[PDB]
Amino acid sequence: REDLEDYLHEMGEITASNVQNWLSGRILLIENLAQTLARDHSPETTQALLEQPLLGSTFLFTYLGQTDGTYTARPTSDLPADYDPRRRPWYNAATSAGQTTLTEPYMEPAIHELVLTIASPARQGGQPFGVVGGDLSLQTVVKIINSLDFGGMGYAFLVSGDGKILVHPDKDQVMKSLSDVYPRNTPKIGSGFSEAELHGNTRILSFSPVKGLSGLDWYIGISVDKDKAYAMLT
Ligand SMILES: NC(=[NH2+])NCCC[C@H](N)C(=O)O
Ligand code: NA
């Protein structure tokens, strides 16, 4: 029957769970770094803390955007001379969220590529002195969304609650609304399964929410080829 619906539900929960566990470990570093900088954030200690093998191999750039405009980042790169950390989208994201949150994908100014930033408000007893941040390329996340093994029948993407596709294997549909990519019979966020057409291919979409992301309701979208998926086992 439509036990394929049961398959898309389990794969959606497993993917959403694997993305949560993947982001939890990286959030652990930024919080551990923000709490250490809360105890000491002198340029001597901030330098030694920002350059360590665990942070360097995990994020493209690990940095502390201070409250007075001071910026320290590892590794260093070419940023505009008027670079103010407080005008950055990751600075206001951690401030408005009041906790460790994820930024929607934006253009990284140094390497010119889509990245998602983990950011925490660095405070010492409700007195914020800066915002700690770490950059994850959108390409890394896309690889983690599709780490599960499909039968070549579909893929998996990340979409927000409002319908804006965050990370996606197709670079075109990134940051575009769910209505833009699917103009007619736009899939609905949440349960259940929706039918749509993309590039002349009948597609079935399912959405499983990413549990555990404080401050965000992000859904793992699973878009599978309808005809290719109905090739079932015995
Ligand atoms: N010194 C650096 N290379 N910093 C790079 C990280 C900056 C951060 N991605 C931003 O958009 O503001
Ligand atoms: Na396909």
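Reading the values: rules and limits
Residues numbered from 1 in each chain as written, not as in the entry; some residues may be left out. Chains lettered and ligands numbered in written order. Heavy atoms only, no water. Patch = residues over 30% accessible without salt bridge, like charges linked within 9 Å, V, L, I, M, F, W, Y side chains within 5 Å. Areas by Shrake-Rupley, 256 points an atom, 1.4 Å probe, with all protein chains shown as cover. Salt bridge = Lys/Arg side-chain N within 4 Å of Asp/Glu carboxyl O. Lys, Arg positive; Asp, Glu negative; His and termini not counted. Charge placed at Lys NZ, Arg CZ, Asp CG, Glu CD. Helix = DSSP H or I, 4+ residues; strand = E, 2+ residues; numbered from the N terminus. Buried < 20%, exposed > 50% of the residue type's maximum accessible area, 1.4 Å probe, protein only. Core = buried A, V, L, I, M, F, W, Y, C linked by side-chain atoms within 4.5 Å. Domains from an automatic or database assignment. Contact = heavy atoms within 4.5 Å. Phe/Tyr/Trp six-rings, centres within 6.5 Å; stacked < 30°, edge-to-face > 60°. Axes fitted to C-alpha atoms, helices over the stretch in contact; angles between N-to-C directions. Parallel < 35°, antiparallel > 145°, perpendicular 65-115°, else oblique. Nonpolar A, V, L, I, M, F, W, Y, C, P; charged D, E, K, R; others polar.

The deposited coordinates, according to the entry record, derive from X-ray crystallography at 3.0000 Å resolution.

Enquirer: It is not clear to me how a negative patch on the surface should be interpreted in this structure. Could you clarify?
Expert: Among the surface-exposed residues, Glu 2, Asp 3, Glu 5, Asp 6, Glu 195 and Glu 197 lie close enough to one another that they form a single negatively charged patch. If you list the elements that add at least two residues to the negative patch, you get α1 (4-39) and β9 (194-198). Relative to the helices and strands, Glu 2 is located in the segment before α1. Judged by relative accessible area, which is 39%, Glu 2 ranks as partly exposed.

Enquirer: Looking at this model, I keep getting lost on the nonpolar core. Mind explaining?
Expert: Of all hydrophobic cores here, the largest spans 46 residues; its most connected members are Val 132, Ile 145, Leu 158, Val 167, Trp 218, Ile 220 and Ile 222. Looking at which element gives the most residues to this core, the answer is α1, with 14 residues. A domain-level breakdown of this core finds at least three residues from each of domain 1 (1-28 + 137-234) and domain 2 (29-136). Excluding residues within four positions of it along the chain, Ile 220 makes contact with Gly 12, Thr 15, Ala 16, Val 19, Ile 145, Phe 157, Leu 158, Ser 206, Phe 207, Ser 208 and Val 210.

Enquirer: Could you clarify how one ought to interpret the packing of aromatic side chains in this entry?
Expert: How two aromatic rings sit relative to each other is set out by the distance from centre to centre and by the angle between their planes. According to the stated counting rule, one finds six aromatic pairs in the structure shown. Their ring planes at 40° and their centres at 5.7 Å tell us that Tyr 63 and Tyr 71 sit as a pair that is tilted. Residue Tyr 71 is classed as partly exposed on the basis of its relative accessible area of 25%. Geometrically, the ring pair formed by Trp 90 and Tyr 91 is edge-to-face, given 5.9 Å between the ring centres and 65° between the ring planes.

Enquirer: Is there a simple way to explain the packing of α1 against helix α5 (residues 138-145) in this structure?
Expert: Packed helices, taken two at a time, are described by the angle between their axes plus the distance between the axes. Put simply, α1 and α5 touch, their axes get as near as 9 Å, and they point 135° apart. When the interaxial angle is binned, α1 and α5 end up oblique. For the pair formed by α1 and α5, the contact residues are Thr 15, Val 19 and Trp 22 on the first element and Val 141, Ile 144 and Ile 145 on the second. A breakdown of the residues in the contact of α1 with α5 according to their chemical character gives five nonpolar, one polar and no charged.

Enquirer: I tried to follow the environment of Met 232 on my own but got confused; where do I start?
Expert: For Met 232, the position within the fold is in the segment after α7 (226-229). A residue is classified by how much of its surface remains accessible, and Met 232, at 65% relative accessible area, is exposed. Measuring from C-alpha to C-alpha, the distance between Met 232 and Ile 14 comes to 21 Å, with 218 residues separating the pair along the chain.

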